[PDB]
Amino acid sequence: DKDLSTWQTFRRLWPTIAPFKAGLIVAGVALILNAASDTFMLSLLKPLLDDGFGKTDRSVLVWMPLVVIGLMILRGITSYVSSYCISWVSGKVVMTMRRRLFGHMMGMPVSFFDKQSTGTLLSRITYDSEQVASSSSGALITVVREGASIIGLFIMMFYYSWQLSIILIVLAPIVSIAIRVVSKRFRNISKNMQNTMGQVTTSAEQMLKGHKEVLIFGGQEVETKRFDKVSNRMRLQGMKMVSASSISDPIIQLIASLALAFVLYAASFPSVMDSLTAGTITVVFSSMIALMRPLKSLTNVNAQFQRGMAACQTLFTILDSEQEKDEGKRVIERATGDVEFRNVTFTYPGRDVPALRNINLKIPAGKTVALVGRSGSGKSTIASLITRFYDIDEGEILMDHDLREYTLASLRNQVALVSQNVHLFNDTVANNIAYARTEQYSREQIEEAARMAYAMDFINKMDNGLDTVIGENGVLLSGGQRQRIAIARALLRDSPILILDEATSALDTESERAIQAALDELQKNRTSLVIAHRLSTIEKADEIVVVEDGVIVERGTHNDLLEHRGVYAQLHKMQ
Amino acid sequence: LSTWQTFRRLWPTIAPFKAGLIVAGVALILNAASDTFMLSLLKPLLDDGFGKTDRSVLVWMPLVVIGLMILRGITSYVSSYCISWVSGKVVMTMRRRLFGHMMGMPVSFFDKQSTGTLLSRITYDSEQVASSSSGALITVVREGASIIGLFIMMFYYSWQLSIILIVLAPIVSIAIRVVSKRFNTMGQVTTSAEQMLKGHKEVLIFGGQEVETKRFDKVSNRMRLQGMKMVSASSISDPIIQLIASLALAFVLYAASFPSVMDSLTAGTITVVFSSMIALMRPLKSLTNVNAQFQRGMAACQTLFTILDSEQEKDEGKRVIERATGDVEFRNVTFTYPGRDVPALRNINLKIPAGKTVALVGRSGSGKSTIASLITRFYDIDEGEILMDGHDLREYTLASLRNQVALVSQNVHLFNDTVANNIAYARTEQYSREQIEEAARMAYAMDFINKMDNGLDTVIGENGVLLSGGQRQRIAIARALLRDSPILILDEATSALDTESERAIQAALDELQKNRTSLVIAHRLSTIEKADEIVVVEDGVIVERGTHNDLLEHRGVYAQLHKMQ
Ligand SMILES: Cc1c(/C=C/C(=O)O)ccc2ccc(O[C@@H](C)c3c(Cl)ccc(F)c3Cl)cc12
Ligand SMILES: Cc1c(/C=C/C(=O)O)ccc2ccc(O[C@@H](C)c3c(Cl)ccc(F)c3Cl)cc12
């Protein structure tokens, strides 16, 4: 199962890697020469013992130290080169994975974000994309280098004492099965301790975060005894974790030791020790010893690699997720702003009570309409629907054509959102007022935008004034100032359809007559949809609609609904 | 001086277990000795086994190797188990100590530091200390035994070559020094992605996909460059070090050529001498880096002694109250958060007559929440006096005082356990499951509990991954209801009001607030208008108050405040 899953996942990833195939190829050749350094250095023992102590000083003297120094230079160079090439390929593929995930997540449905913590996604894309590369790199390096060295060593063993090698080979399958069984018995118990440590973490974190309810409700004994239990289980699982390998390693090298001691017990018998010499035994047996590390490394590569692909899969699924549905094909430059809800009903995902039902309303160009009604109702939902954050279930919302006929980009350039909870990207004030159009709007343009939004009183108080850096997640700006900055954005862009949210707005602003003048100047021109909560806007609004339980129950003018004096006057009395 | 004083402050926690350390130490000694005895055997094999003596190649070697390997494996297993046992015991003792102590600290301690930082103190630092110190001990003993076991063999089998190597060791040391000396962007990646996911709403309108894509491009590529840089630096270091060592060894071998030397050497003598020289390269590497790891361990440990030496909140109150159906009163209370010098609360006087619900409204940042924080004595005041039943809150022992208050807030933490057990938190045995279940429906929390797979015995699993914002709130109400606490503190600033079933929560509050003292940081219109007294807070002071004939018109701020929300 999992070999197949991991291999299809890998064939998915190879497109991302193939552009850096040159780096891969180079690293591989360097690894080959690296393994040959070691092979050719172990060969150097034969001429040393036989000739250099068969009465010849030239060997030990002139060249042997020279060749060793040169081989070590070669080893170091192959080492550094392979290291660098692999680290380069990995850096590239990791960064590529990350740009893919970022670009994709940016284009996801809003439902995807309100539901998931920003963190989990952020953490996964930084950690997993690095792990895929680490595991893949290690696996490749192992196969190449150590599979080259086992070849070198097997051939050398066969040239020097063709006989002894086969005794090792015939022993190989049963030794392999023995080692594999011993390995599978004990060492495969990381997740046990991962669970237990997750419990340690959970207890500690619940106590630290919920410190205040522990204090009020007096659960110190409960939390304590709980930690006493889980920490001891964590201890015991750490000890079982070590015991696994403490038991499995000596056993395994003992098995290999038996195989080698049999080979050596044949070294004493006459048929083969006659042809051979004291220098050949040395190189052959040292080859066999050297082989133990490559064999160990190679028989764990599937573990390493399948792990890498198991993380690559969690990245791939995020990529496979469905992005925002966008099939408009219609584009509009500077819409007029004639927005009409016809028979709109809509229920948020997962819920079972519609946030809106049979909603019918009409907003003509250049004029405003206030959505007042019991807090918690669907006026906010109405606002959210015009931007296609959520697709209605039944009916149709028209802009001049159904919103879903329009490209999301074109549809969204028509809409300007002014609320207190606007996001302040950490950057200059000017670049926050001209978020994604720094190239299109002049400095004087931005200056006048901020002036007309009655924001310059608190900008001129900044450190560098208008070029001061707001952000750092918005500490430097209060809400009454965030509103005016949002208003500056909207004035600059001069979008044809405004969505104004005074719900979250703070009317407790030392400067709110200025916020009111900014709004008056903002909405002179264009269609406006206010989730109203101010005396000023409901005073000047062209139409007031009263919403409860996702239904429009009364429509009319302020004065006409007070002459009427029905539900609107009930709200008037209440607020 | 500090690096060792910290270890001696720590040694008391370890000394109960020195019994394992010494056993591990002997095992390490014998392990080094086994590895040395095999290099010893190297000479008999060659010389004797091919001084025309199959006696050695059949008898000596095949069985002595197996014996030595058995001993090696057992010494390894034993030292492993001993060190692991002691290390587990100390990390357990220390994690338990830190959990208890941190829990006993005041809220002033938690405001400064992140919760995740304090969690790291328990999960990692406490393990890193024992890790680094265990590794220090093992390196010291094991490799300090191997180094001498090898040096002896070296000088014995050929004093000539060995002194030649020793005379070179100083220069080699200085050289490896000079090169091992030559041995933010991640924050920008996490930030560039996090403030994208934050402003996804603002990125979709204004069309900020392009500018964000290229911002990321920049940041990601910059960290890729940094990440390659570090590995390149690390990579080059060791090749050069191996080259240096190999130079010295090649010179030694050029020396073995001279006839005065070679004559002493045999096929086996030189073999084992150079074998031990090479083996010595890993003891030396380990023995030069050991004090660095001890340093980092003891630094992590003095971090935790900084935590342990901090003081737990003060509970000198010797007064107990079984239960207090009584009023809480603020008498000219003034407060300033430690570290700030502008009082969050100036001269304040506030009465919450028993049974009555006093709803206090105030601007989001104001000291309205500070009041409810003061009643439970999360912080002590600077001037004034808070009386519960006409006696200073500080007169009481904190346990009794907090038994009288129940907190209800959306963000109330739900601890990984059964729904039922969360409702009877810290008093699971006291209340019968009938009491619990009644408390559950009385809070309208049952509408969603039976939907759960095991209902009331379903466990909130994986740090609270199951429940909704609005569900936690009804569970908190159930907890306070069941406990039936005289003083109700109801936090509605964190409430998250827009929910699927808010009428349920509202009626739950209706039931809870009734015939019970309630002090609510109110945002809801309903809990406000049907409250006994409304109290406005502006900055550190109270501006104006009002009942039901005054709720009609307030002199101060209430008009605009009510108009905003
Ligand atoms: C020692 C060893 C490990 C290592 C596992 C670990 O260290 O965890 C892993 C896989 C192996 C597969 C075959 C095998 O066959 C023996 C006959 C053999 C060969 Cl073919 C060559 C040289 C030898 F020395 C031996 Cl003994 C030994 C193996
Ligand atoms: C190889 C090595 C490391 C390791 C550094 C690293 O790996 O980072 C660290 C410190 C050293 C100090 C002296 C030294 O002297 C050489 C001549 C020597 C001796 Cl005295 C004994 C046996 C030998 F095999 C060698 Cl070569 C070598 C050292």
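Here, each number is a calculation from the coordinates, and none is a lab measurement. Ideal geometry is used to build each Cβ from the backbone, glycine not excepted, and the neighbour counts take in all protein chains shown.
Scanning for something of a type in the set (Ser, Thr, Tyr) and within 13 Å of chain A (Cβ to nearest Cβ), does the range B:211-225 turn up at least one residue?
The answer is yes, given that some residue of the range B:211-225 is of a type in the set (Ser, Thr, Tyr) and within 13 Å of chain A (Cβ to nearest Cβ).
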From the options A:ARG357, A:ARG404, A:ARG351, A:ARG388, residue that is in contact with a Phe, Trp or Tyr (Cβ under 9 Å, 6 or more places away or on another chain), of a type in the set (D, E, K, R) and farther than 18 Å from A:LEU529 by Cα: A:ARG357
Matching entry among B:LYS112, B:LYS89 (being basic (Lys, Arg) and surrounded by fewer than 18 Cβ atoms within 10 Å (Cβ to Cβ)): B:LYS112
Odd one out for B:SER180, checked against (1) more than 10 Å from chain A (Cβ to nearest Cβ); (2) more than 13 Å from ligand 2 (Cβ to nearest atom): (2)
Single residue of the range A:39-48 satisfying the filter (part of a helix (DSSP H, G or I) and within 21 Å of B:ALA245 (Cβ to Cβ)) that is farthest from the other protein chains (Cβ to nearest Cβ): A:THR39
Given (1) within 20 Å of A:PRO496 (Cα to Cα); (2) surrounded by fewer than 21 Cβ atoms within 10 Å (Cβ to Cβ); (3) over 29 Å from the mean Cα position of the chain (by Cα), number of the condition A:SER384 does not satisfy: (3)
Which numbered condition B:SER192 fails, given (1) buried (at least 18 other Cβ atoms within 10 Å of the Cβ); (2) more than 30 Å from A:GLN420 (Cα to Cα): (2)
Subset of the range A:530-575 (residues that are among the aliphatic types (A, V, I, L, M) and either more than 14 Å from every other protein chain (Cβ to nearest Cβ) or on the phi > 0 side of the Ramachandran plot (or both)): A:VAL530, A:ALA541, A:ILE544, A:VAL545, A:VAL546, A:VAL551, A:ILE552, A:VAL553, A:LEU561, A:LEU562, A:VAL567, A:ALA569
Residues being more than 14 Å from every other protein chain (Cβ to nearest Cβ) and more than 15 Å from A:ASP38 (Cα to Cα) - total across the range A:272-313: 19
Selection count, the range A:541-560, where residues are crowded, with 16+ Cβ neighbours inside 10 Å and out of contact with any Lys or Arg (no Cβ under 7 Å at 6 or more places or on another chain): 8
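Looking only at the range A:507-529, filter to residues that are hydrophobic (A, V, I, L, M, F, W, C) and buried (at least 20 other Cβ atoms within 10 Å of the Cβ); which one of those is nearest to the other protein chains (Cβ to nearest Cβ)?
Restricting attention to the range A:507-529, the residues satisfying the condition of being hydrophobic (A, V, I, L, M, F, W, C) are A:507, A:514-515, A:517-519, A:522, A:529.
Checking the rest, the ones that are also buried (at least 20 other Cβ atoms within 10 Å of the Cβ) come to A:515, A:518-519, A:522, A:529.
Working: A:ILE515: 12, A:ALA518: 17, A:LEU519: 15, A:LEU522: 16, A:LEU529: 14 Å.
Among them, the one singled out is A:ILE515.
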Among the candidates B:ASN403, B:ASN411, residue that is facing chain A (nearest Cβ under 10 Å), over 18 Å from B:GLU316 (Cα atoms) and not β-branched (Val, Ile, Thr): B:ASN411
Filtered residues of the range B:150-170 (kept if among the aliphatic types (A, V, I, L, M), surrounded by fewer than 17 Cβ atoms within 10 Å (Cβ to Cβ) and under 44 Å from the mean Cα position of the chain (by Cα)): B:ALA169
Index of the failed condition, B:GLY367 passing every other in (1) facing another protein chain (nearest Cβ under 10 Å); (2) among the small types (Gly, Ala, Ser); (3) more than 30 Å from the chain's Cα centre (by Cα): (1)
Residues (under 17 Å from A:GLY138 (Cβ atoms) and surrounded by 14 or more Cβ atoms within 10 Å (Cβ to Cβ)) located in the range A:274-299: A:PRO294, A:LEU295, A:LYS296, A:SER297, A:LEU298
Residue tally, condition more than 9 Å from every other protein chain (Cβ to nearest Cβ) and more than 24 Å from A:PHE20 (Cα to Cα), over the range A:68-97: 2
Tally, over the range B:421-449, of residues that are within 22 Å of A:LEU215 (Cβ to Cβ) and either of a type in the set (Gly, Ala, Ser) or more than 35 Å from the chain's Cα centre (by Cα) (or both): 3
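Checking the conditions here, which among B:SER126, B:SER132 is more than 16 Å from ligand 1 (Cβ to nearest atom), closer than 27 Å to B:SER234 by Cα and under 40 Å from the mean Cα position of the chain (by Cα)?
Numbers: B:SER126 fails: closer than 27 Å to B:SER234 by Cα.
Residue meeting the stated conditions: B:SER132.
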Criterion violated by B:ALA145 - all others in (1) closer than 24 Å to B:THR36 by Cα; (2) surrounded by fewer than 16 Cβ atoms within 10 Å (Cβ to Cβ); (3) not β-branched (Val, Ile, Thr) satisfied: (2)
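Might you check whether a residue that is within 7 Å of chain B (Cβ to nearest Cβ), within 49 Å of the chain's Cα centre (by Cα) and assigned to a helix (DSSP H, G or I) occurs anywhere in the range A:49-67? Write out each step before concluding.
So the first thing to find is which residues in the range A:49-67 are within 7 Å of chain B (Cβ to nearest Cβ), and the list is A:49, A:53, A:57, A:60-61, A:64-65.
So of that shortlist, the ones also within 49 Å of the chain's Cα centre (by Cα) come out as none.
Looking for residues that are within 7 Å of chain B (Cβ to nearest Cβ), within 49 Å of the chain's Cα centre (by Cα) and assigned to a helix (DSSP H, G or I), one finds none in the range A:49-67, hence no.
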Every pair of residues 6+ apart whose Cβ atoms lie under 7 Å, when the first sits in the range B:222-247 and is within 15 Å of B:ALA175 (Cβ to Cβ) while the second is of a type in the set (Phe, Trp, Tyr) and within 12 Å of ligand 2 (Cβ to nearest atom): B:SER237/B:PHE183
Complete set of residues in the range A:292-345 that are more than 16 Å from ligand 1 (Cβ to nearest atom) and small (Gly, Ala, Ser): A:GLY308, A:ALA310, A:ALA311, A:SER321, A:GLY328, A:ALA335, A:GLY337
When residues of the range B:236-271 are limited to those that are among the hydroxyl-bearing types (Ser, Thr, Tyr) and within 15 Å of ligand 2 (Cβ to nearest atom), the one farthest from the other protein chains (Cβ to nearest Cβ): B:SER237
